[PDB]
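All remarks here apply to the structure that follows.
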RNA sequence: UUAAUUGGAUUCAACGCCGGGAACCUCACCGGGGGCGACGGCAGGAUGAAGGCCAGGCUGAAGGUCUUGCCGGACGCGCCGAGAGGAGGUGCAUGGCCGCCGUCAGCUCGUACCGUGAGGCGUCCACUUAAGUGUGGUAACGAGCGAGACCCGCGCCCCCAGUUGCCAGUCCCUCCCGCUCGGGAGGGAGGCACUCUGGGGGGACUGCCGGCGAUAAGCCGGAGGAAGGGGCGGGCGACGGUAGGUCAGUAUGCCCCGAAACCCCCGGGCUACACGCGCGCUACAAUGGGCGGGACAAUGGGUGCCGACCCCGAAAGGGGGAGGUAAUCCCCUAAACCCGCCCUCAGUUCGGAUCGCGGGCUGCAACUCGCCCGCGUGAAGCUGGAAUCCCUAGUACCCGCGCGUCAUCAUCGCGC
Ligand SMILES: [Mg+2]
Ligand SMILES: [Mg+2]
Ligand SMILES: [Mg+2]
Ligand SMILES: [Mg+2]
Ligand SMILES: [Mg+2]
Ligand SMILES: [Mg+2]
Ligand SMILES: [Mg+2]
Ligand SMILES: [Zn+2]
């Protein structure tokens with residue numbers, strides 16, 4: 002089968018189990034209260050997600 | 002709990018908006034809003050060209066609904082387009098207008114003065130543009146144009162002014178455009194008057 | 001009787017007081033007692049992050065924050081009012097939940 | 002360095018030379034008289050305006066005006 | 001040093017930094033194996049192309065190939081151009097973002113005047129301020145952005161609220177002690193008194209006295225006050241520069257790879273060790289070590305998850321399992337501190353590195369290389385050369401706790 006040599010594996014833990022919902026990278030991903038984004042994308046989309054910086 | 006509800010239904014809008022930006026790149030997609038009622042939702046898109054967004058008599062919105070319901074949430078959608086609230090006081094439309102004008106072939110100085118004259122005509126207090134790329138050379142540069150009062154730091158220059166950013170791909174490279182417009186009702190704290198007798 | 005219990009919760013503070021006073025007035029106009037809006041503790045979600053993409057330069061951080069205001073109302077059940085609080089038409093950034101005891 | 006600001010003088014001098022009799026020397030009297038003659042919505046701004054006008058009137062009435 | 005020990009950063013402003021606590025993946029690195037050309041044309045194709053399997057060899061393992069013969073029903077990398085895809089090159093081709101000069105006090109404009117001109121004046125002088133913040137004089141008179149104002153917390157008072165929060169004064173019942181006159185503990189009925197939670201107002205202005213300075217800007221001292229002279233702590237970083245860092249977060253032009261430098265899978269490495277260095281943790285003991293008792297917190301988190309309560313085990317842990325989508329149930333009776341007994345200035349009852357054997361948890365997999373428990377063995381270390389760092393008040397020092405990363409593992413980061 003030529004569909005058995007370009008197909009991945011279903012991980013369920015470890016850095017390779019989750020990827021950013023908008024960029025697509027593994028690594029530093031935010032998992033607080035559910036949203037799943039980079040540390041880089043959350044910083045330039047937050048003020049539209051509702052957040053604000055008070056201090 | 003309840004926070005997991007609030008910040009799960011705030012992300013869907015982010016994704017929908019960030020996709021429709023690309024898709025309706027032209028016709029100047031202005032922004033949207035979701036009204037969630039029983040038995041289904043209802044989407045609104047303030048385009049700048051109802052013709053192009055609708056399609057050829059309704060042969061595009063079908064694809065928009067199927068795509069917006071199969072890849073996204075929004076189990077029962079109903080789209081309809083509208084016309085912009087104030088296209089000359091919304092920075093994130095002027096940014097794309099100037100970016101388009103640039104990548105069509107105009108020189109970068111005619112575009113900026115056209116835009117600033119139009120904006121300060123339709124009744125703004127102050128505007129500021131800033132272009133920076135590989136224009137006229139092989140070492141990059143940066144230029145600035147402005148007209149009047151415009152606050153830059155503090156709290157008032159975070160909620161009153163309107164700012165937007167865009168790109169403009171070309172044959173050499175990219176060019177960034179960044180606008181910032183002040184609505185005609187500024188009312189900074191310093192503007193104290195005397196209600197007289 | 002059976003003392004319905006309604007729980008509003010929203011992120012904009014102003015747009016909550018107006019539905020609160022709607023409920024208060026509706027109750028008042030008809031004949032029914034009520035326990036005024038009892039403020040419950042705010043739940044503020046906080047997210048600390050770095051600031052620079054690369055790793056060079058000093059280390060400076062951000063503090064994003066999101067606050068969620070809650071309330072609580074106790075009221076009796078009269079269909080003249082139990083219905084009157086159905087055409088109330090909450091805004092889109094508010095949550096409402098009704099349940100009796 | 003409690004330097005009086007720039008835009009506080011430029012209005013206190015305008016309403017101390019417009020209603021020169023509605024302003025006594027009391028602090029808490031002027032402090033009420035200021036909120037309703039203007040459209041100020043702050044709270045620490047009316048206090049400094051009141052203080053400056055009180056200084057002004059007690060410095061003028063007693064003679065030389067600087 | 002190695003088959004590979006992948007790269008970027010080198011004074012401030014590189015070295016617990018790339019959220020970098022890497023068993024597989026993450027992964028870019030060494031050994032091996034297999035898949036991938038939308039689209040236009042070429043050899044060929046219903047006498048049947050592309051394309052798929054029970055069993056057996058090769059193989060680390062595999063219809064991946066070959067042996068074996070079954071099937072499927074139209075296309076065709078065996079040929080040419082193109083095209084996906086690229087953690088491949090270039091931050092000295094760019095965008096966006098961020099560090100530093102610097103939360104420093106600067107940077108300009110309109111008109112007029114002075115110079116043939118680059119330019120100047122305003123923006124200079126005198127005193128004052130945290131400040132190009134002010135008050136006076138002046139070929140200057142007015143303005144814009146930065147500073148201040150603005151936003152969020154803390155400390156004091158008042159009004160409106162009373163459940164899932166609190167229980168003082170009344171009212172019943174039960175139970176204990178000097179046997180009860182007195183005192184104490186639980187319930188349940190009722191109430192928002194006090195605390196608390198959080199919406200709205202009040203309060204401080206050099207305002208009031210004395211002295212400097214001109215009599216102006218302003219600066220010292222004293223009251224009354226919960227608070228005093230930006231009230232205390234934070235958020236917000238101007239025009240520009242730094243050919244500073246990032247193409248290895250996303251976006252992106254040019255040049256190379258294009259049956260490979262693209263896409264998957266198994267095993268290794270980033271954890272190697274004569275050595276120089278940065279930041280930390282534990283000690284060198286009495287301003288202490290051990291054993292038994294006694295005291296008092298806050299922030300935060302939980303449905304792929306938090307586990308009260310009961311029972312097995314010496315300990316790690318194991319078998320059951322209420323209540324919780326949250327001011328309700330759970331994490332959660334903190335440690336330094338105090339009283340009583342042993343040690344008595346010793347490489348020790350100080351110090352616990354290094355090693356042997358046995359029991360467990362997470363995991364698809366614990367040798368390379370995870371974490372936890374019990375018994376045993378017991379290294380350097382007796383206060384530190386020239387040098388150098390951080391701190392002005394609920395601050396420095398000393399002691400513990402919670403989130404993040406996370407299937408397990410905190411000498412770290414950010415808060416209490
Ligand atoms: Mg690996
Ligand atoms: Mg400078
Ligand atoms: Mg550079
Ligand atoms: Mg360089
Ligand atoms: Mg390493
Ligand atoms: Mg010992
Ligand atoms: Mg091991
Ligand atoms: Zn991302």
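Chains as they are written, first to last, in UniProt numbering: chain A, 2 to 56; chain B, 2 to 198; chain C, 1 to 101; chain D, 2 to 67.
Ideal Cβ placement from N, Cα and C applies to all residues, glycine included.
Beta carbon proximity, residue i to chain A, threshold 8 Å
| i | result |
| --- | --- |
| residue 70 of chain B | no |
| residue 11 of chain C | yes |
| residue 9 of chain B | yes |
| residue 62 of chain C | yes |
Contacting residues, own chain, Cβ-Cβ under 6 Å from residue i (five flanking each side not counted)
| i | result |
| --- | --- |
| residue 60 of chain C | 51 |
| residue 8 of chain B | none |
| residue 123 of chain B | 89 |
| residue 21 of chain C | none |
| residue 110 of chain C | The requested residue 110 of chain C does not occur in the structure, where chain C is confined to residues 1 to 101. |
| residue 21 of chain B | 30 |
| residue 147 of chain B | 129 |
| residue 113 of chain B | 130 and 146 |
| residue 100 of chain C | 2 and 4 |
| residue 144 of chain B | 132 |
Residue-chain proximity (residue i, chain C), Cβ-Cβ < 8 Å
| i | result |
| --- | --- |
| residue 12 of chain A | no |
| residue 3 of chain B | yes |
| residue 36 of chain B | yes |
| residue 19 of chain A | no |
Residues that DSSP places opposite residue i in a beta bridge
| i | result |
| --- | --- |
| residue 131 of chain B | B:145 and B:179 |
| residue 65 of chain C | A:53 and C:46 |
| residue 5 of chain C | C:74 and C:99 |
| residue 13 of chain A | Looking at the DSSP assignment, residue 13 of chain A forms no beta bridge with any residue, so it has no partner. |
| residue 41 of chain B | B:38 |
| residue 167 of chain B | B:178 |
| residue 34 of chain C | C:75 |
| residue 30 of chain A | A:39 |
| residue 35 of chain D | Looking at the DSSP assignment, residue 35 of chain D forms no beta bridge with any residue, so it has no partner. |
| residue 82 of chain B | B:46 |
| residue 10 of chain C | C:69 and C:94 |
| residue 40 of chain C | C:70 |
| residue 33 of chain B | B:46 |
Any C-beta of chain B under 8 Å from that of residue i
| i | result |
| --- | --- |
| residue 38 of chain D | yes |
| residue 51 of chain A | yes |
| residue 41 of chain D | yes |
| residue 57 of chain D | no |
| residue 24 of chain D | no |
| residue 65 of chain C | no |
| residue 99 of chain C | no |
| residue 16 of chain D | yes |
Contacts around residue i, its chain only, beta-carbon distance under 8 Å, and the 5 residues preceding and following it disregarded
| i | result |
| --- | --- |
| residue 27 of chain B | 50, 53 and 101 |
| residue 97 of chain C | 6 and 7 |
| residue 53 of chain D | 5, 9, 10 and 13 |
| residue 69 of chain B | 17, 44, 75, 78 and 80 |
| residue 42 of chain A | 21, 23 and 24 |
Residue i - containing alpha helix (DSSP H), residue span
| i | result |
| --- | --- |
| residue 94 of chain B | 92 to 105 |
| residue 62 of chain B | 62 to 71 |
| residue 18 of chain B | 12 to 24 |
| residue 54 of chain B | 51 to 55 |
| residue 26 of chain C | 14 to 29 |
| residue 12 of chain D | 7 to 16 |
| residue 48 of chain D | 45 to 62 |
| residue 121 of chain B | 109 to 122 |
| residue 160 of chain B | 157 to 160 |
Residue-level contact to chain D via CB, residue i, 8 Å cutoff
| i | result |
| --- | --- |
| residue 157 of chain B | no |
| residue 129 of chain B | no |
7 Å CB neighbourhood of residue i in its chain, flanking five on each side removed
| i | result |
| --- | --- |
| residue 39 of chain A | 21, 24, 26, 29 and 30 |
| residue 25 of chain B | 48 and 54 |
| residue 149 of chain B | 126 and 127 |
| residue 65 of chain B | 80 |
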